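S.K.: Quick one: structure below, then a few questions.
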Amino acid sequence: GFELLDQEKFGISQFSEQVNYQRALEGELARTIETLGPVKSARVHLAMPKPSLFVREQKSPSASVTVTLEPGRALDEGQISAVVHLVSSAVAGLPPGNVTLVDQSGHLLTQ
Amino acid sequence: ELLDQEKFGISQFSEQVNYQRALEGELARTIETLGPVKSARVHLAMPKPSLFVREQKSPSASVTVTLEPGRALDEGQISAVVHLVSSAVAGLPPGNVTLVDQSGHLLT
Amino acid sequence: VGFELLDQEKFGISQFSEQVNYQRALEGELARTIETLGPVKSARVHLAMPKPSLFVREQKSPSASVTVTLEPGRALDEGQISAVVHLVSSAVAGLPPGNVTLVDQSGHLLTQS
Amino acid sequence: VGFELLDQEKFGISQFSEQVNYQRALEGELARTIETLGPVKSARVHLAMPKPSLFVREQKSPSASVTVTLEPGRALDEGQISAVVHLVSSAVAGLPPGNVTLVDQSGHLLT
Amino acid sequence: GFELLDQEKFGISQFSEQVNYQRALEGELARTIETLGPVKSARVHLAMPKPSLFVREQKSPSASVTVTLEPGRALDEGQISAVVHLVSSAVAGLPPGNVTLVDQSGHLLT
Amino acid sequence: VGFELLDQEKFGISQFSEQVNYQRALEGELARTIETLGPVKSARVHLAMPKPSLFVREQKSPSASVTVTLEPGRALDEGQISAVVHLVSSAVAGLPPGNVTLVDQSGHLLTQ
Amino acid sequence: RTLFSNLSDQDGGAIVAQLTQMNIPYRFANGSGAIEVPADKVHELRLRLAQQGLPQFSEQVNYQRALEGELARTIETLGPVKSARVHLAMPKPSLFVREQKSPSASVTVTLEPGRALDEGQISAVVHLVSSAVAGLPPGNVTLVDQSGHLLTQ
Amino acid sequence: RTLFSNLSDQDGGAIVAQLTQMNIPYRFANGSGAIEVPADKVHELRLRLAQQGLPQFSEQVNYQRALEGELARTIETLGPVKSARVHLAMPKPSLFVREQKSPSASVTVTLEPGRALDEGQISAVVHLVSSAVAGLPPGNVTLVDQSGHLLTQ
Amino acid sequence: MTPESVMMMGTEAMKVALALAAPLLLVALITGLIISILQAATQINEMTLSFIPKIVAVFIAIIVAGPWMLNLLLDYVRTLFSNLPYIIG
Amino acid sequence: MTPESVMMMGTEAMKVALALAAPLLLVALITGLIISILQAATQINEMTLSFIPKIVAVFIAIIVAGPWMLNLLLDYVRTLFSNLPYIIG
Amino acid sequence: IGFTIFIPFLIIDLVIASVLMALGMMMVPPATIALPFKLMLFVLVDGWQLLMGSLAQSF
Amino acid sequence: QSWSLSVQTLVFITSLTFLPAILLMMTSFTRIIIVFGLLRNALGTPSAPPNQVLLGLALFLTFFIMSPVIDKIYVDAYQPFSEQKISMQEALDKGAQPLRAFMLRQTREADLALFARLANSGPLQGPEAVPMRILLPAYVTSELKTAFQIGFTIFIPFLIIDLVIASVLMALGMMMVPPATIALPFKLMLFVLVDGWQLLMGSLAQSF
Amino acid sequence: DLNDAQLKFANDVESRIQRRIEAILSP
Amino acid sequence: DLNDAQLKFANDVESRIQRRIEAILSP
């Protein structure tokens with residue numbers, strides 16, 4: 001939750017500040033995904049690569065989304081598309097093609 | 001109001017994360033106010049600058065709406081939501097605003 | 001462990017410690033979601049995250065090893081294996097799927113050789 | 001065991017100590033997962049990680065020795081030998097599989 | 001080994017730290033070697049090479065392993081080997097050929 | 001003697017002292033393993049580990065002297081003589097075997 | 001009648017939760033890891049639960065044949081299905097030592113004229129069959145109609 | 001009947017633990033370092049334990065012959081083995097002073113038609129034979145079938 | 001720049017300095033006060049009594065809190081240098 | 001190097017510093033406290049009388065322990081300059 | 001750029017002077033004790049590398 | 001392809017012009033000079049050893065340290081050129097390799113990455129192909145960092161001495177006695193007793 | 001050292017050729 | 001070392017060719 005960030009100390013460093021930001025984002029995204037009719041619970045994992053330097057053309061982040069559906073509530077193709085769009089937009093420079101969506105049975109809904 | 005919570009200075013980054021949250025909140029608020037919309041959720045991705053190369057990336061937004069039971073959004077609506085969200089974010093190119101319903105249909 | 005592990009943080013935390021703790025956490029959450037997959041009773045994720053190197057002929061890549069324990073007879077489908085791969089790869093900045101190994105409780109490699 | 005140790009409150013510690021403790025913890029968890037594999041009753045993992053430099057001077061690559069004790073007659077499958085290799089190699093930054101040695105309780109090299 | 005390591009002792013010196021590390025590694029290696037069926041007790045001695053003066057030459061470390069076997073429990077050639085591999089791997093840059101394995105009677109197994 | 005020796009040390013320990021103590025401890029453990037050998041009743045190891053000197057051109061390779069007391073009539077095998085050589089040489093950084101002398105309780109040189 | 005036997009505590013609990021939600025009476029056989037339920041509801045419930053992802057030669061053959069028959073019967077309770085045939089093909093204890101084998105199933109359905117299976121029903125069939133056979137992954141279940149059209153992707 | 005004699009305390013203890021686990025009655029001969037067990041189970045148990053890694057001329061010859069015979073008998077209790085022959089070849093007290101010798105064993109098995117030894121069974125045979133002879137390393141045990149195929153790597 | 005783009009930076013910097021120096025000054029003051037009160041209670045006439053308790057207290061405080069202050073200062077300086085290119089505008 | 005290595009180096013540094021100072025500081029404190037207690041018990045109201053003995057005590061310490069504080073410090077310095085080519089990195 | 005580069009070293013100077021004088025040793029020169037700590041701060045932050053990065057990214 | 005003689009001598013004289021820059025930015029002169037200056041500042045004697053004495057000492061130490069590199073350049077590059085075996089271009093290219101190897105041995109990978117990323121260089125496979133325009137600034141930065149590390153470490157024993165004398169003076173009540181006047185002779189004594197000069201030069205040489 | 005490894009290699013090759021000959025010459 | 005791996009490779013190839021021949025020669 002964005003709450004996690006509000007209730008925090010003053011000795012926390014930048015690394016901690018970032019990790020906390022990542023967690024909060026993961027939480028809110030999962031929240032909105034669950035708030036989609038067919039979705040009973042969502043779990044979002046973000047891999048935001050750190051600063052470049054030793055790298056050249058830099059690199060972009062990735063996301064893994066696991067959804068649990070309501071009994072028999074299969075996600076439509078357009079749904080899958082909308083989940084992709086939301087997750088990609090919520091992460092600075094997240095190329096949709098790096099968003100993986102999976103169901104509670106391990107079926108890959110995206111590609 | 002989250003911004004003004006009698007909180008001693010933390011860090012610019014903390015200030016930044018907050019400002020982003022507050023904008024998201026107010027935008028969702030106005031979107032819900034709209035007749036057909038029961039609740040709105042706005043996610044902003046402000047772009048991170050590069051290192052040595054001059055590349056101004058454009059920010060992006062994802063908007064999820066829950067509509068009044070059954071009622072849908074007209075195309076003009078699919079347009080006004082876009083305009084509002086784009087304007088509220090410095091340099092937000094409309095084409096980077098995604099609008100989705102409670103069933104996962106992309107409205108934009 | 002995982003996100004809870006990073007709660008009672010004493011002021012004396014070296015960047016090294018901060019990173020190792022982040023690694024341990026990520027491992028925990030990934031194992032958690034993997035177990036949440038129907039056929040999976042328990043999961044164990046090991047990450048090998050090596051800070052970088054400028055020379056290509058001397059550059060390797062992030063790698064992961066995933067051990068799953070299945071429910072009695074709950075064999076993982078090919079698509080499942082694929083989804084586990086995707087999730088683990090995405091959760092690690094710049095993790096090339098081909099560097100994710102998935103193994104069962106009997107030592108059968110579920111992913112590619 | 002391993003991760004639990006790393007935590008033990010302690011202030012009189014040096015980077016060297018911090019690293020050695022990290023190595024021990026990794027060894028412990030790896031042995032743990034290896035034992036948690038049906039045919040394996042107990043595992044022992046030894047890591048040799050070369051102290052690194054921040055300069056441009058000889059990279060080299062780490063090595064691992066894995067000793068397994070099997071359940072009475074529970075011979076490990078070629079696949080069992082392999083998967084062990086993969087796990088140990090992945091858990092060590094830049095560990096070339098070919099530098100992982102797997103041995104049983106009788107001194108047979110399963111590698 | 002690791003017991004000698006966390007003995008609630010205030011920092012002494014890097015050299016002391018290095019000696020402690022060498023001892024702990026020796027202990028754990030002997031431990032695993034004994035845990036091998038035919039082996040009743042093991043003793044491992046490590047010689048980490050000392051960096052010399054104005055030279056960049058690299059010395060390779062060396063190991064001596066003494067095993068006591070169970071009554072009549074002779075080591076298999078594969079047994080003579082696996083011991084070699086384990087000891088070599090446990091020591092950064094230990095060339096197997098610098099590992100000596102000896103039995104309780106003074107027979108060189110390597 | 002023993003690695004214990006180093007465990008109990010006073011606050012005032014000169015590097016010189018730290019080294020000498022390390023040498024003593026190594027000598028002790030080596031003698032210990034040598035005695036553990038069946039035919040050997042007691043062992044005594046003396047190490048001469050030269051300290052680095054830029055005043056000199058070459059640092060003489062370390063040297064070792066090993067005295068063994070055998071069990072009544074327990075003559076050491078040529079292979080036994082060798083294995084002792086290997087162990088002592090390995091335990092001393094850069095110890096050239098040829099600088100290890102092995103002697104019995106009667107003063108017979110077992111090595112060459 | 002027995003809905004399921006030999007259930008894990010986890011699957012059992014999940015199944016009981018679903019039965020309660022549906023207001024279906026049930027009786028978990030004491031220490032039999034089995035749940036006898038209304039006889040007239042057994043097949044419908046098996047299918048419904050499958051939708052929710054829950055849960056000698058002669059003998060084997062017979063067993064296999066019996067299992068095939070039962071699976072077929074359960075699948076036939078689906079509205080659009082006129083008839084079903086299930087063939088289970090688990091290779092006899094792998095004779096080859098090195099090579100590794102895995103069970104597979106082929107399901108053929110005759111549909112009512114003008115009717116089709118939806119994606120949910122298809123998934124339920126695949127799950128039902130996979131769950132019934134040890135080691136049978138969903139991916140090893142092929143579902144075809146009378147015209148030989150592959151229904152499972 | 002005697003399962004094993006002359007056991008170390010460690011081996012004895014391990015063997016007793018395994019017998020208890022298998023629910024096999026046993027009687028450790030008092031101060032005989034031996035464990036008499038059901039006579040009809042002696043051979044099967046020896047093999048099973050081997051799988052878990054547990055534990056004058058005329059006389060010698062006889063002894064050797066007796067030992068060979070016993071080992072053969074034990075090996076013949078394996079399902080796939082129709083018959084077994086064991087030859088032990090420990091050189092007479094090394095006459096040569098400098099050169100050093102070591103015992104070896106050759107095991108020939110006749111297998112039932114169409115049957116093969118698996119890796120576990122092979123390992124059990126090798127261990128059984130090596131453990132029975134002082135100083136015989138596993139590596140010095142050669143196992144061949146009737147066709148002369150080397151089974152031990 | 002602006003007085004604010006400067007006053008805010010100086011305020012953050014001196015907040016860092018205050019956080020760095022608070023433990024040492026606090027323990028020093030507490031130790032000095034305790035020794036002085038003990039001295040007045042016994043009516044002992046001396047001025048150099050408190051110095052050695054002061055020095056051992058500061059030494060022990062440094063040993064205890066060194067990693068924390070050093071890490072805080074290092075992180076502050078690192079972010080200052082990273083943000084420096086954007087300070088000019 | 002890592003900050004932790006700097007902390008360890010400083011740790012041995014101030015340990016040597018405390019070992020150097022304590023033979024002198026302890027005796028100075030003991031002499032001052034003894035004289036002040038005697039003064040308070042005898043109501044001899046004059047602070048400056050505590051100063052004269054202390055120097056002698058301090059000097060006594062040196063002539064009784066000057067060699068040791070001279071030697072130990074060297075045994076540190078000769079190590080530190082000899083560890084110079086191995087701390088960089 | 002220069003007047004804000006100056007800031008951390010002024011912080012170190014002021015902290016060291018305040019600690020030294022509050023402890024009592026007011027006769028010591030704070031800069032003499034402070035210089036090694038300024039070097040320590042510069043080397044533990046990687047002052048040269050970060051300074052070049054900032055100077056390059058200023059354009 | 002061989003340059004004519006007049007072009008060769010033009011190149012030779014123009015290169016001889018750049019000699020101090022090569023000494024400062026390619027050899028070990030800069031690190032030794034920085035450490036010597038910091039050491040002189042550390043003793044409280046800002047002008048006791050004259051600048052010329054320290055500069056000569058640093059020059060001799062640099063020559064001794066770089067003798068293997070100069071020998072490699074002579075044997076591999078300069079000697080064939082002096083016997084007319086190879087041209088000036090290939091001789092210079094061959095002579096670059098030992099100096100390049102020496103500089104790479106004493107550089108930090110992070111600075112090399114910074115200058116490679118800044119110069120927009122393409123991916124480089126291994127240390128074999130790294131341009132000198134990339135290696136030189138990275139080596140200079142690494143030398144600066146290492147020199148500052150050594151100087152900061154050297155500053156420690158004199159700090160210990162200053163603190164202990166200041167505390168000894170303060171515990172005696174001597175409030176207005178400055179500690180520098182008492183500390184300077186003891187700093188000199190400490191540096192003399194530990195054989196400071198030869199030990200520090202040996203330490204500087206051993207670090208290369 | 002290496003010579004013994006070469007000799008064992010030769011012995012294994014010779015033994016396997018012997019066994020291959022015996023296998024067909026047996027029936 | 002490597003020679004043993006090569007020899008095992010040869011043995012597996014020979015065994016598989018043998019089995020392929022036997023498979024058709026059996027019926």
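Chain labels A, B, ... are given in the sequence in which chains occur in the structure tokens; within each chain residues are numbered consecutively from 1, and ligands are likewise numbered from 1 in the order shown.
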Quote the C-alpha RMSD, in Å to one decimal, that results from superposing chain I on chain J by least squares across all C-alpha atoms in order.
M.R.: 0.6 Å
S.K.: Run DSSP on the backbone and give me the residues of range 22-151 of chain G it puts in alpha helix (DSSP H), as a PyMOL selection string.
M.R.: chain G and resi 42-51+57-76+119-132
S.K.: Contacts from chain D to chain G, 12 Å maximum, only C-alpha atoms: show me the residue list as an MDAnalysis selection string.
M.R.: chainID D and resid 77:79
S.K.: For chain K, report every residue with an atom at most 9 Å from chain J (counting only C-alpha atoms), formatted as a VMD selection string.
M.R.: chain K and resid 40 43 to 44
S.K.: Create the file for the chosen residues now, containing N, CA, C and O atoms and written as a PDB file, in the first residue's frame.
M.R.:
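Output contents, as saved in selection36.pdb:
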ATOM      1  N   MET K  40      38.906  10.975   3.238  1.00  0.00           N
ATOM      2  CA  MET K  40      38.123   9.753   3.399  1.00  0.00           C
ATOM      3  C   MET K  40      36.761   9.886   2.731  1.00  0.00           C
ATOM      4  O   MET K  40      36.310   8.977   2.027  1.00  0.00           O
ATOM      5  N   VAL K  43      37.141   9.740  -1.073  1.00  0.00           N
ATOM      6  CA  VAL K  43      37.470   8.442  -1.658  1.00  0.00           C
ATOM      7  C   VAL K  43      36.364   7.406  -1.452  1.00  0.00           C
ATOM      8  O   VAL K  43      36.216   6.496  -2.272  1.00  0.00           O
ATOM      9  N   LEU K  44      35.582   7.512  -0.374  1.00  0.00           N
ATOM     10  CA  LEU K  44      34.518   6.542  -0.141  1.00  0.00           C
ATOM     11  C   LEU K  44      33.264   6.838  -0.952  1.00  0.00           C
ATOM     12  O   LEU K  44      32.457   5.929  -1.175  1.00  0.00           O
TER      13      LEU K  44
END
S.K.: What residues in chain J have any atom no more than 9 Å from chain L when counting only C-alpha atoms, and can you write them as a PyMOL selection string?
M.R.: chain J and resi 1+9-10+13-14+16-18+20-21+24-25+28-29+51+54-55+58+70+73-78+80-89
S.K.: Compile the contact shell of residue 85 in chain B as a ChimeraX atom specification: residues with an atom at most 12 Å away, counting only C-alpha atoms, same-chain residues fewer than 2 positions apart removed.
M.R.: /B:23-31,40-44,59-64,78-83,87-99
S.K.: For the selection you just gave me, I'd like the residues written to a file as a tab-separated table (two decimals), in the first residue's frame, keeping N, CA and C atoms.
M.R.:
chain	number	residue	atom	x	y	z
B	23	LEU	N	-1.66	14.00	-7.24
B	23	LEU	CA	-2.23	14.25	-8.59
B	23	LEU	C	-3.11	13.06	-8.97
B	24	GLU	N	-2.59	11.84	-8.79
B	24	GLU	CA	-3.38	10.63	-9.12
B	24	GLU	C	-4.73	10.72	-8.41
B	25	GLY	N	-4.70	10.93	-7.09
B	25	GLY	CA	-5.95	11.02	-6.31
B	25	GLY	C	-6.92	12.03	-6.90
B	26	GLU	N	-6.50	13.27	-7.11
B	26	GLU	CA	-7.46	14.30	-7.58
B	26	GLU	C	-8.04	13.91	-8.94
B	27	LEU	N	-7.18	13.38	-9.82
B	27	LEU	CA	-7.65	13.01	-11.18
B	27	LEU	C	-8.74	11.94	-11.04
B	28	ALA	N	-8.43	10.87	-10.30
B	28	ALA	CA	-9.44	9.82	-10.07
B	28	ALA	C	-10.71	10.49	-9.54
B	29	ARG	N	-10.56	11.42	-8.59
B	29	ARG	CA	-11.74	12.08	-7.99
B	29	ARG	C	-12.60	12.68	-9.10
B	30	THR	N	-12.04	13.58	-9.91
B	30	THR	CA	-12.84	14.26	-10.95
B	30	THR	C	-13.47	13.21	-11.88
B	31	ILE	N	-12.71	12.17	-12.23
B	31	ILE	CA	-13.21	11.14	-13.19
B	31	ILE	C	-14.46	10.48	-12.59
B	40	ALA	N	-12.94	5.62	-9.98
B	40	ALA	CA	-11.82	5.70	-10.91
B	40	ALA	C	-10.50	5.41	-10.19
B	41	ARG	N	-9.55	4.89	-10.97
B	41	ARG	CA	-8.18	4.61	-10.45
B	41	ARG	C	-7.19	5.09	-11.52
B	42	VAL	N	-6.30	6.02	-11.18
B	42	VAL	CA	-5.32	6.60	-12.09
B	42	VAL	C	-3.93	6.20	-11.62
B	43	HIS	N	-3.13	5.69	-12.54
B	43	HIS	CA	-1.71	5.40	-12.33
B	43	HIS	C	-0.89	6.23	-13.30
B	44	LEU	N	0.04	7.01	-12.77
B	44	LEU	CA	0.94	7.84	-13.55
B	44	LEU	C	2.34	7.23	-13.55
B	59	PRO	N	5.80	10.99	-20.46
B	59	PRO	CA	5.13	10.23	-19.40
B	59	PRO	C	3.96	9.39	-19.93
B	60	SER	N	3.45	8.48	-19.11
B	60	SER	CA	2.30	7.65	-19.50
B	60	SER	C	1.30	7.54	-18.34
B	61	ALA	N	0.04	7.28	-18.68
B	61	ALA	CA	-1.03	7.13	-17.70
B	61	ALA	C	-1.90	5.91	-18.01
B	62	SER	N	-2.34	5.23	-16.96
B	62	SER	CA	-3.35	4.17	-17.04
B	62	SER	C	-4.52	4.53	-16.13
B	63	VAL	N	-5.71	4.55	-16.71
B	63	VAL	CA	-6.95	4.93	-16.05
B	63	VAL	C	-7.88	3.73	-16.10
B	64	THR	N	-8.29	3.25	-14.93
B	64	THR	CA	-9.33	2.22	-14.81
B	64	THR	C	-10.58	2.87	-14.25
B	78	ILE	N	-14.95	8.95	-24.02
B	78	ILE	CA	-13.62	8.34	-24.26
B	78	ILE	C	-12.64	9.46	-24.66
B	79	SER	N	-13.14	10.65	-25.00
B	79	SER	CA	-12.26	11.74	-25.48
B	79	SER	C	-11.99	12.72	-24.34
B	80	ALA	N	-13.03	13.12	-23.60
B	80	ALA	CA	-12.87	14.10	-22.50
B	80	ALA	C	-11.99	13.53	-21.39
B	81	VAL	N	-12.19	12.26	-21.02
B	81	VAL	CA	-11.28	11.65	-20.00
B	81	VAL	C	-9.84	11.81	-20.51
B	82	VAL	N	-9.62	11.40	-21.76
B	82	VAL	CA	-8.25	11.50	-22.34
B	82	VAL	C	-7.75	12.93	-22.13
B	83	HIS	N	-8.49	13.91	-22.62
B	83	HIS	CA	-8.01	15.32	-22.54
B	83	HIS	C	-7.65	15.65	-21.09
B	87	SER	N	-3.82	16.69	-19.95
B	87	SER	CA	-3.52	18.07	-19.49
B	87	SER	C	-2.94	18.05	-18.08
B	88	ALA	N	-3.48	17.21	-17.19
B	88	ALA	CA	-3.02	17.26	-15.77
B	88	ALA	C	-1.56	16.83	-15.59
B	89	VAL	N	-0.94	16.29	-16.63
B	89	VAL	CA	0.46	15.78	-16.49
B	89	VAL	C	1.34	16.57	-17.45
B	90	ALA	N	2.32	17.30	-16.91
B	90	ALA	CA	3.18	18.13	-17.77
B	90	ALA	C	3.70	17.27	-18.93
B	91	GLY	N	3.44	17.71	-20.17
B	91	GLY	CA	3.95	16.98	-21.35
B	91	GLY	C	3.43	15.56	-21.42
B	92	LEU	N	2.14	15.34	-21.18
B	92	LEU	CA	1.58	13.98	-21.37
B	92	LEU	C	0.93	13.90	-22.74
B	93	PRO	N	1.51	13.15	-23.70
B	93	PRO	CA	0.91	13.00	-25.02
B	93	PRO	C	-0.34	12.11	-24.94
B	94	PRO	N	-1.55	12.64	-25.23
B	94	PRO	CA	-2.78	11.87	-25.10
B	94	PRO	C	-2.56	10.40	-25.48
B	95	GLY	N	-1.99	10.16	-26.66
B	95	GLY	CA	-1.77	8.78	-27.12
B	95	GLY	C	-1.13	7.84	-26.09
B	96	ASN	N	-0.55	8.37	-25.01
B	96	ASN	CA	0.03	7.58	-23.91
B	96	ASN	C	-0.93	7.43	-22.71
B	97	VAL	N	-2.20	7.79	-22.88
B	97	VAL	CA	-3.25	7.58	-21.88
B	97	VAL	C	-4.07	6.36	-22.28
B	98	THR	N	-4.09	5.35	-21.42
B	98	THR	CA	-4.91	4.15	-21.61
B	98	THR	C	-6.11	4.21	-20.67
B	99	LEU	N	-7.32	4.04	-21.21
B	99	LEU	CA	-8.56	4.00	-20.43
B	99	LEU	C	-9.18	2.60	-20.54
S.K.: For residue 83 in chain C, find every residue with an atom within 9 Å (counting only C-alpha atoms), except residues of its own chain fewer than 3 positions away, and show them as a list in words.
M.R.: residues 100, 101, 102, 103, 106, 107, 108 and 109 of chain A; 78, 79, 80, 86, 87 and 88 of chain C
S.K.: Save out the residues we just selected, N, CA, C and O atoms, as a PDB file, in the first residue's frame.
M.R.:
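Saved the output as selection-v3.pdb:
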ATOM      1  N   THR A 100       4.481 -10.181 -18.442  1.00  0.00           N
ATOM      2  CA  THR A 100       3.954 -11.551 -18.484  1.00  0.00           C
ATOM      3  C   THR A 100       2.727 -11.647 -17.592  1.00  0.00           C
ATOM      4  O   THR A 100       2.789 -11.249 -16.432  1.00  0.00           O
ATOM      5  N   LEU A 101       1.615 -12.155 -18.122  1.00  0.00           N
ATOM      6  CA  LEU A 101       0.379 -12.387 -17.374  1.00  0.00           C
ATOM      7  C   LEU A 101       0.098 -13.885 -17.310  1.00  0.00           C
ATOM      8  O   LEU A 101       0.033 -14.540 -18.349  1.00  0.00           O
ATOM      9  N   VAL A 102      -0.085 -14.419 -16.109  1.00  0.00           N
ATOM     10  CA  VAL A 102      -0.284 -15.853 -15.848  1.00  0.00           C
ATOM     11  C   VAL A 102      -1.499 -16.050 -14.943  1.00  0.00           C
ATOM     12  O   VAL A 102      -1.746 -15.240 -14.050  1.00  0.00           O
ATOM     13  N   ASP A 103      -2.185 -17.182 -15.114  1.00  0.00           N
ATOM     14  CA  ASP A 103      -3.374 -17.475 -14.270  1.00  0.00           C
ATOM     15  C   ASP A 103      -2.993 -18.357 -13.078  1.00  0.00           C
ATOM     16  O   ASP A 103      -1.805 -18.707 -12.956  1.00  0.00           O
ATOM     17  N   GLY A 106      -1.181 -21.701 -13.972  1.00  0.00           N
ATOM     18  CA  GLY A 106       0.093 -21.592 -14.677  1.00  0.00           C
ATOM     19  C   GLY A 106      -0.035 -21.402 -16.189  1.00  0.00           C
ATOM     20  O   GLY A 106       0.977 -21.505 -16.882  1.00  0.00           O
ATOM     21  N   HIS A 107      -1.225 -21.110 -16.727  1.00  0.00           N
ATOM     22  CA  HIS A 107      -1.370 -20.761 -18.139  1.00  0.00           C
ATOM     23  C   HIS A 107      -0.922 -19.320 -18.365  1.00  0.00           C
ATOM     24  O   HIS A 107      -1.406 -18.383 -17.724  1.00  0.00           O
ATOM     25  N   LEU A 108      -0.005 -19.148 -19.312  1.00  0.00           N
ATOM     26  CA  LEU A 108       0.414 -17.843 -19.794  1.00  0.00           C
ATOM     27  C   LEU A 108      -0.715 -17.232 -20.641  1.00  0.00           C
ATOM     28  O   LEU A 108      -1.042 -17.749 -21.706  1.00  0.00           O
ATOM     29  N   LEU A 109      -1.308 -16.140 -20.159  1.00  0.00           N
ATOM     30  CA  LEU A 109      -2.390 -15.410 -20.826  1.00  0.00           C
ATOM     31  C   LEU A 109      -1.856 -14.413 -21.866  1.00  0.00           C
ATOM     32  O   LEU A 109      -2.502 -14.157 -22.877  1.00  0.00           O
TER      33      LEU A 109
ATOM     34  N   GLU C  78       3.393 -28.116 -19.776  1.00  0.00           N
ATOM     35  CA  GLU C  78       4.442 -27.364 -20.512  1.00  0.00           C
ATOM     36  C   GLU C  78       4.159 -25.868 -20.361  1.00  0.00           C
ATOM     37  O   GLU C  78       5.111 -25.104 -20.114  1.00  0.00           O
ATOM     38  N   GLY C  79       2.892 -25.481 -20.507  1.00  0.00           N
ATOM     39  CA  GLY C  79       2.513 -24.064 -20.369  1.00  0.00           C
ATOM     40  C   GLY C  79       2.803 -23.556 -18.970  1.00  0.00           C
ATOM     41  O   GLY C  79       3.198 -22.393 -18.844  1.00  0.00           O
ATOM     42  N   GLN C  80       2.555 -24.391 -17.960  1.00  0.00           N
ATOM     43  CA  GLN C  80       2.912 -23.986 -16.582  1.00  0.00           C
ATOM     44  C   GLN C  80       4.404 -23.693 -16.598  1.00  0.00           C
ATOM     45  O   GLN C  80       4.791 -22.550 -16.295  1.00  0.00           O
ATOM     46  N   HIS C  86       8.583 -17.317 -17.241  1.00  0.00           N
ATOM     47  CA  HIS C  86       8.298 -15.878 -17.475  1.00  0.00           C
ATOM     48  C   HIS C  86       8.344 -15.123 -16.147  1.00  0.00           C
ATOM     49  O   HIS C  86       9.103 -14.150 -16.060  1.00  0.00           O
ATOM     50  N   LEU C  87       7.581 -15.568 -15.150  1.00  0.00           N
ATOM     51  CA  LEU C  87       7.518 -14.822 -13.865  1.00  0.00           C
ATOM     52  C   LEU C  87       8.931 -14.623 -13.312  1.00  0.00           C
ATOM     53  O   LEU C  87       9.331 -13.444 -13.076  1.00  0.00           O
ATOM     54  N   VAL C  88       9.685 -15.713 -13.153  1.00  0.00           N
ATOM     55  CA  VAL C  88      11.025 -15.569 -12.511  1.00  0.00           C
ATOM     56  C   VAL C  88      11.875 -14.597 -13.333  1.00  0.00           C
ATOM     57  O   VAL C  88      12.491 -13.701 -12.730  1.00  0.00           O
TER      58      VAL C  88
END
S.K.: Would you list the contacts of residue 84 in chain C as a ChimeraX atom specification, taking every protein, DNA or RNA residue within 12 Å and counting only C-alpha atoms, but skipping same-chain residues closer than 4 positions in sequence?
M.R.: /A:64-66,100-108 /C:30-31,33-37,39-40,43,45,64-68,76-80,88-91,97,100-103,110-111
S.K.: I want to know what sits within 7 Å of residue 28 in chain A, based on only C-alpha atoms, with residues of the same chain fewer than 4 positions away left out; could you give that as a list in words?
M.R.: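 Listed by chain and then number, they are residues 1, 24 and 32 of chain A.
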S.K.: Output N, CA, C and O atoms for every residue in the selection just made, as a compact mmCIF listing (two decimals), in the first residue's frame.
M.R.:
# COMPACT_ATOMS: atom_id res chain seq x y z
N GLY A 1 0.83 -1.22 0.00
CA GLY A 1 0.00 0.00 0.00
C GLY A 1 0.85 1.25 0.00
O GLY A 1 2.05 1.15 0.34
N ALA A 24 5.26 -0.40 -2.99
CA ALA A 24 3.98 0.34 -3.03
C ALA A 24 3.36 0.22 -4.42
O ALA A 24 2.14 0.00 -4.51
N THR A 32 -5.71 -2.62 -8.31
CA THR A 32 -6.59 -2.28 -9.46
C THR A 32 -6.91 -3.55 -10.25
O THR A 32 -8.07 -3.71 -10.68
S.K.: Could you give me, as a Markdown table, every chain B residue with an atom at most 9 Å from chain L, plus its closest atom pair and distance in Å to one decimal, counting only C-alpha atoms, rows ordered by chain then number?
M.R.:
| residue | atom | partner | partner_atom | distance |
| --- | --- | --- | --- | --- |
| B:51 | CA | L:118 | CA | 8.9 |
| B:52 | CA | L:118 | CA | 6.5 |
| B:53 | CA | L:118 | CA | 8.9 |
